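This report concerns only the one structure given below.
Protein chains: 2
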Amino acid sequence: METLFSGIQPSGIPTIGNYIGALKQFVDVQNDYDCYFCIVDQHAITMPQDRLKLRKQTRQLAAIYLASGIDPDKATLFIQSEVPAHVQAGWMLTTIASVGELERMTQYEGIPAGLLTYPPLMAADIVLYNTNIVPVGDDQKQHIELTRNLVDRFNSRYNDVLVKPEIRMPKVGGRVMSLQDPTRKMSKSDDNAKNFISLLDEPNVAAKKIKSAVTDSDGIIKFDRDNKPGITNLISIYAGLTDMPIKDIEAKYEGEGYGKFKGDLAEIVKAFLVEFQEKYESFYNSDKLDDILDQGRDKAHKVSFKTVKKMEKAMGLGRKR
Amino acid sequence: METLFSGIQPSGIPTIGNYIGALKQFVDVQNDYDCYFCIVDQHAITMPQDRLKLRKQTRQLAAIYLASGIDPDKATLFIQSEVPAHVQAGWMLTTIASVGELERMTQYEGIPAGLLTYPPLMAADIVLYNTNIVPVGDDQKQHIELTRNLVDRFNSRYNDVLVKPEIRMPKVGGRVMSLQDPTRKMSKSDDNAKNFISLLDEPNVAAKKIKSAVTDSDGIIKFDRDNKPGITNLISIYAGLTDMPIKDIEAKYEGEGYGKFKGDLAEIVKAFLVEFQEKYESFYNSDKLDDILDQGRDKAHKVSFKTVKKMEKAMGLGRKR
Ligand SMILES: O=C(O)[C@H]1Cc2c[nH]c3cccc(c23)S1
Ligand SMILES: O=C(O)[C@H]1Cc2c[nH]c3cccc(c23)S1
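Note that the protein sequences, when read in sequence, are chains A and A'. A prime marks a further copy of an entry chain. Numbering-wise, the first sequence is residues 1 to 108, 117 to 329 according to the entry's author numbering. Numbering-wise, the second sequence is residues 1 to 108, 117 to 329 according to the entry's author numbering.
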């Protein structure tokens with residue numbers, strides 16, 4: 001079975017685009033892949049962070065992943081700083097990286121040093137779990153390239169202990185675009201809040217955003233990206249939330265206009281978030297959340313400890329006991 | 001009681017100059033100061049290292065410190081990589097350092121990144137134990153300046169958790185110079201092996217080095233650095249190993265020439281190393297060495313864990329449990 005590793009920034013609430021694109025797919029692929037979902041709070045502090053904002057965000061992301069259906073027995077859901085192997089292996093790989101290499105990553117008071125030195129910690133996050141696949145986007149290609157190069161360098165210089173990962177998302181979800189800018193991807197950090205639907209948006213507010221999505225006044229319910237990106241994006245959201253095939257959606261709304269479709273979709277979005285946020289609040293406000301995060305931490309520690317120890321022996325750190 | 005922290009490079013055997021200058025003084029000040037003696041194997045790998053050379057060197061330094069009289073109950077003698085707090089706190093301080101700051105430290117395949125990023129780990133080594141004094145030389149002034157600045161930055165930005173250290177050696181030992189270059193300090197890495205006496209030199213070989221020290225053919229036994237640095241350096245070694253006051257040495261050898269003094273000193277050096285190396289071999293070849301290093305690791309972990317947890321809470325890493 002292949003191992004998947006995904007790093008999760010505690011720096012913002014995922015949107016329904018992130019849910020349709022990734023989170024919902026993780027809920028299915030966690031049965032067929034050995035999945036690690038790591039809330040990277042040590043990467044988060046490379047940026048300026050408010051320390052209560054950060055601890056709250058971490059719990060929030062954990063709760064959102066659990067509310068999505070991420071299963072702490074099937075997958076390993078943990079907080080990066082709670083597993084020392086990450087900075088242990090991150091330091092080991094730093095020593096074999098070059099300054100030039102790190103500087104070229106930064107391209108693709118002063119400048120905080122974490123912004124230059126985090127890539128070997130990213131590599132460590134991945135290779136500690138013998139990861140085969142990382143489900144990231146084009147913006148992370150250089151980081152995986154460096155990861156693979158560090159693995160090759162480590163194995164070449166000391167001896168074979170580390171596995172090279174590939175960029176692969178096992179089941180790509182639909183691409184969800186900005187509701188009032190259909191040519192750009194939906195983003196949680198938009199300055200136009202009508203562009204995205206947050207998973208923690210009030211369900212009535214989300215339904216209004218479906219209604220304020222920028223489309224023609226009326227038309228047929230047909231999937232057509234290049235000519236009607238507005239209604240097409242909504243069809244994608246509809247398909248992402250109901251699992252109805254797109255051709256099935258077109259056949260269901262044959263002879264219908266936009267108002268009926270957008271009305272049904274707004275109610276679908278509202279019902280989805282009502283159900284999602286009830287699970288979210290129950291995890292977020294429960295004592296079991298710390299029990300779950302402890303269990304995930306212990307699972308990750310068990311696996312990454314052996315990797316760290318193999319690395320330490322290969323470099324000659326510590327003792328032979 | 002003040003806390004002292006000394007980092008120990010596992011990269012070479014200390015000389016009798018290092019013994020007279022530092023190690024012997026540590027054996028006394030460990031009664032009056034809370035001393036941490038940390039074998040920094042994670043700093044060692046910032047340089048190119050042979051991995052069996054490194055693990056052996058680490059054990060060797062531990063044994064040399066114990067053979068010197070460093071007492072694992074009075075002081076805390078441990079290996080850096082065995083205490084995760086060092087890289088945990090090292091990463092936290094990295095995020096508040098600036099690239100410019102780190103680059104200016106480097107001044108005072118490519119360039120290994122550890123050579124740029126190690127200073128915040130040095131700062132972490134120190135401040136984890138609430139250190140008041142660090143017994144280092146002029147070459148480390150920039151590193152302590154950065155340490156103090158990182159502590160100020162950390163306390164200013166988050167809240168008061170870290171203590172600023174000072175450069176202070178509580179009891180300075182004698183300065184021991186190169187045996188065949190009396191104007192330079194003795195150094196374990198000299199290309200002229202007659203210049204230094206290693207603590208692991210064969211005792212007969214050391215006695216020959218006392219005899220091959222560069223001095224006048226003959227003279228009085230008088231301490232005179234500027235005019236007779238050769239015999240003066242030998243008087244310093246004699247004083248360092250016997251604790252005989254220098255004026256007492258001059259009075260003892262009134263009416264004596266160099267051959268009698270150098271003969272007595274060579275025999276003193278030989279007897280010292282015979283006794284030193286018997287203790288060294290017994291520690292180096294004993295099973296108790298791992299017991300001792302475990303105990304030191306546990307002592308250091310207990311203290312540095314609390315510091316790390318205070319730092320994590322201040323930055324908002326992890327969870328409030
Ligand atoms: O910001 C992001 O999306 C990246 C954050 C991150 C840290 N460590 C890993 C490992 C695998 C994947 C990712 C990450 S994704
Ligand atoms: O190379 C050396 O001498 C330095 C190595 C080192 C690493 N971390 C500390 C903390 C205090 C003092 C020192 C060190 S001395």
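All C-beta atoms in this analysis are idealised placements derived from N, C-alpha and C, irrespective of residue type, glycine included.
> For residue 53(A'), which residues from the same chain have a beta carbon less than 7 Å from its beta carbon, with the 5 sequence-adjacent residues on both sides left out?
Replying inline: none
> chain A' partners of residue 97(A), CB-CB under 9 Å?
Replying inline: 118, 120, 121, 122
> Got a sec? Which residues, its chain only, sit under 6 Å from residue 36(A) by beta carbon, not counting five neighbours each side?
Replying inline: 5, 76, 137
> In terms of alpha-carbon separation, which member of 178(A'), 279(A'), 243(A'), 297(A') lies closest to residue 28(A')?
Replying inline: 178(A')
> Are any of the Cβ atoms in chain A nearer than 8 Å to that of residue 131(A')?
Replying inline: no
> Looking at chain A, which residues of the region 281 to 307 of chain A' have a Cβ within less than 7 Å of any of its Cβ atoms?
Replying inline: 298, 301
> Quick one: does the C-beta of residue 134(A) sit closer than 7 Å to a heavy atom of ligand 1?
Replying inline: yes
> Taking 7 Å as the cut-off, does the CB of residue 78(A) come closer than this to any heavy atom belonging to ligand 1?
Replying inline: no
>> Does the distance between the C-beta of residue 40(A') and the nearest non-hydrogen atom of ligand 2 fall short of 7 Å?
In response: yes
>> Following a CB-centred definition, is residue 148(A') positioned closer than 7 Å to any heavy atom of ligand 4?
In response: With respect to ligand 4, the structure shown offers nothing to examine, as its ligands consist of ligand 1 and ligand 2.
> Leaving out five residues before and five after residue 57(A') in sequence, what residues of the same chain have Cβ atoms less than 7 Å from its Cβ?
Replying inline: 10, 11
>> Any contact between the region 265 to 275 of chain A' and the region 210 to 223 of chain A'? By contact I mean 3 or more CB pairs, one from each, below 8 Å.
In response: yes
>> Which residues of the region 46 to 78 of chain A have a Cβ closer than 8 Å to any Cβ of chain A'? Give them in chain order.
In response: 46, 49, 50, 51, 52, 53, 54, 55, 58, 59
> Taking DSSP as the reference, what is the three-state secondary structure of residue 119(A')?
Replying inline: coil
> Hey, residue 91(A) and residue 42(A') are a contact pair by Cβ (cut 8 Å); roughly how many whole angstroms apart?
Replying inline: 6 Å
> So what does DSSP say about residue 45(A), is it helix, strand or coil?
Replying inline: coil
>> Does the CB of residue 183(A') have a neighbour CB from chain A at under 8 Å?
In response: no
> By how many angstroms is the C-alpha of residue 180(A') removed from the C-alpha of residue 246(A')?
Replying inline: 16 Å
> So which residues of chain A' does residue 42(A) contact, with C-beta pairs closer than 7 Å?
Replying inline: 91, 325
>> Quick test of your reading: residue 67(A') and residue 284(A'), contact by CB under 8 Å. State the CB separation rounded to the nearest angstrom.
In response: 6 Å
>> Considering only their Cβ atoms, is the gap separating residue 106(A) from residue 130(A) smaller than 8 Å?
In response: no
> Counting pairs of beta carbons, one from the region 156 to 175 of chain A and one from the region 195 to 214 of chain A, are three or more of them closer than 8 Å?
Replying inline: no
> Do residue 83(A') and residue 139(A') come within 8 Å of each other at the CB atom, strictly closer than that value?
Replying inline: no
> Per DSSP, which one or two residues make a beta bridge with residue 185(A)?
Replying inline: 193(A)
>> Looking at the secondary structure, which residues open and close the alpha helix (DSSP H) in which residue 291(A) lies?
In response: 266 to 292
> What residues of chain A' sit near residue 102(A), judged by a beta carbon separation below 7 Å?
Replying inline: 121
> If we count Cβ pairs, one from each stretch, closer than 8 Å, do we get three or more for the region 200 to 211 of chain A' versus the region 12 to 25 of chain A'?
Replying inline: yes
>> Can you find the residues in the same chain that come closer than 7 Å, C-beta to C-beta, to residue 150(A), ignoring five residues on each side of it along the sequence?
In response: 105, 108
> chain A' partners of residue 88(A), CB-CB under 8 Å?
Replying inline: 81, 84, 87
>> By DSSP's criteria, residue 34(A') is part of a beta bridge. Which residues make up the other side?
In response: 3(A')
>> If I measure Cβ to Cβ from residue 127(A') and keep anything under 7 Å in the same chain, skipping five residues before and after, which residues do I get?
In response: 102, 105, 151, 154
> Quick one: Cα of residue 223(A) to Cα of residue 277(A), how far?
Replying inline: 17 Å
> Is residue 258(A') helix, strand or coil when you go by DSSP?
Replying inline: helix
> Between residue 328(A) and chain A', is there a C-beta pair that is closer than 8 Å?
Replying inline: yes
>> So the candidates are 100(A), 233(A), 134(A); which of them puts its Cα closest to the Cα of residue 34(A)?
In response: 134(A)
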